[PDB]
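Engineer: Partial complex follows, first chain(s) only, in situ:
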Amino acid sequence: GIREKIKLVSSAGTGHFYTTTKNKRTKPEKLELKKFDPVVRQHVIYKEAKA
């Protein structure tokens, strides 16, 4: 409900992604969060993208 689904993508080469939502209006910039990439088995920066 106005809250859009986005995917956070692994900054390593893997194509691993977490999925979440965003109020794309009030918080229009790209969400960037450290999370665990299970393919390299290490925590890596993840950066917002479209779904």
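Structural biologist: Looks like it arrived, so ask away. Numbers count the residues shown, from 1 in each chain, chains lettered A, B, ... in the order given.
Engineer: Need the contact partners of stretch A:7-16.
Structural biologist: Residues outside stretch A:7-16 that contact it (Cβ atoms under 8 Å, 6 or more residues apart in numbering) are A:17-20, A:31-33, A:35, A:37-40, A:42, A:44-51. Heads up, the C-betas are built off the backbone N, CA and C, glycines and all.
Engineer: beta partners of the closest residue in space to residue A:19 that isn't next to it in sequence?
Structural biologist: In this structure, residue A:19 finds its nearest non-sequential neighbour in residue A:7, 5.1 Å apart by Cβ to Cβ, 6 or more residues apart in numbering. Beta-bridge partners recorded for residue A:7 (DSSP bridges): residue A:19, residue A:49.
Engineer: what residue lies at the spatial centre of chain A?
Structural biologist: Centroid-nearest residue in chain A, with Cα atoms, centre = their mean: residue A:8, separated by 1.2 Å.
Engineer: Can you show me the strands along chain A?
Structural biologist: A:4-10, A:17-22, A:32-37, A:42-49 (DSSP state E).
Engineer: Let's add chain B too:
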Amino acid sequence: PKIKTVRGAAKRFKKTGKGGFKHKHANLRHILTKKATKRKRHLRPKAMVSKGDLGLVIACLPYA
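Structural biologist: Take a look at chain B, now in place beside the chains above:
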């Protein structure tokens, strides 16, 4: 004539060693972002058909 297999059943159940049937869990097809990772984790593995349902499945897979 030969009984005809209910084919969508046969595309959803497989018979196991002691005579049961294995099947894939419901609820892991789409609308995923909202579902807890735990719930989806526990739906990945296959499961056994419950007792109440064996009559139905067996009726549908006479050649299993």
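Engineer: Check the nearest residue to residue A:19 one more time with chain B there.
Structural biologist: The shortest distance from residue A:19 to any non-neighbouring residue, by Cβ to Cβ, 6 or more residues apart in numbering or on different chains, is to residue B:33 (4.2 Å).
Engineer: Could you do residue B:3 as well?
Structural biologist: Excluding its sequence neighbours, the residue lying closest to residue B:3 (Cβ to Cβ, 6+ apart) is residue B:62, at 4.7 Å.
Engineer: burial of that neighbour, as a residue count?
Structural biologist: As a burial measure, residue B:62 scores 11 neighbours (other Cβ atoms under 10 Å in any protein chain shown).
Engineer: ditto for residue A:34
Structural biologist: When neighbours are counted by other Cβ under 10 Å, residue A:34 registers 9.
Engineer: Wait, it touches residue A:47, no?
Structural biologist: No: under the criterion of Cβ atoms under 8 Å, residue A:34 is not in contact with residue A:47, lying 10.6 Å apart.
Engineer: got the contact list for the residue in chain A that chain B sits nearest to?
Structural biologist: Shortest chain A-to-chain B distance, computed as Cβ to the nearest Cβ: residue-wise this is residue A:19, at 4.2 Å. With contact set as Cβ atoms under 8 Å, 6 or more residues apart in numbering or on different chains, residue A:19 has these partners: A:5, A:6, A:7, A:8, A:51, B:32, B:33.
Engineer: one more, chain C:
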Amino acid sequence: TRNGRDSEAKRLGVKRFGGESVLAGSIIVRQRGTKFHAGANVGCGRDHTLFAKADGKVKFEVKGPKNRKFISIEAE
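Structural biologist: This next block brings in chain C, placed alongside the chains you saw above:
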């Protein structure tokens, strides 16, 4: 405007009573708030379910200055 609605009963309540012997993990109470609080060898989950952290016998007690209800588990 107009009535006619209700929700499913959540089947809450005490699941193992005083003395019942349980293996760890067994839910002892389903509750909304902490009517019973978790005591020794008892855990409290996110919906305030109290559960066993050890094999033993369920033990209800009342402790402390607020006379709160506590559940613990005695080794048997």
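Engineer: Would you quantify the distance from residue A:6 to residue C:12?
Structural biologist: From residue A:6 over to residue C:12 the distance is 37 Å, taken as Cβ to Cβ, to the nearest Å.
Engineer: Using the three-state scheme, assign residue B:39.
Structural biologist: Taking DSSP: H, G, I helix; E, B strand; the rest coil as the rule, one finds residue B:39 in the helix state.
Engineer: quick one on the thing from earlier: ok, residue A:6 and residue C:12, which is more surrounded?
Structural biologist: When residue A:6 and residue C:12 are compared for neighbours, residue A:6 comes out ahead with 20 against 13, by other Cβ under 10 Å.
Engineer: what's the burial count for the closest residue to that one other than its chain neighbours?
Structural biologist: The spatially closest residue to residue A:6, leaving aside those adjacent along the chain, is residue A:22, at 4.8 Å (Cβ to Cβ, 6+ apart). Applying other Cβ under 10 Å, we find 17 residues neighbouring residue A:22.
Engineer: tally of neighbours for the residue of chain C found nearest chain B?
Structural biologist: The nearest approach of chain C to chain B comes at residue C:46, 11.4 Å away (Cβ to the nearest Cβ). For residue C:46, the neighbour count with other Cβ under 10 Å is 5.
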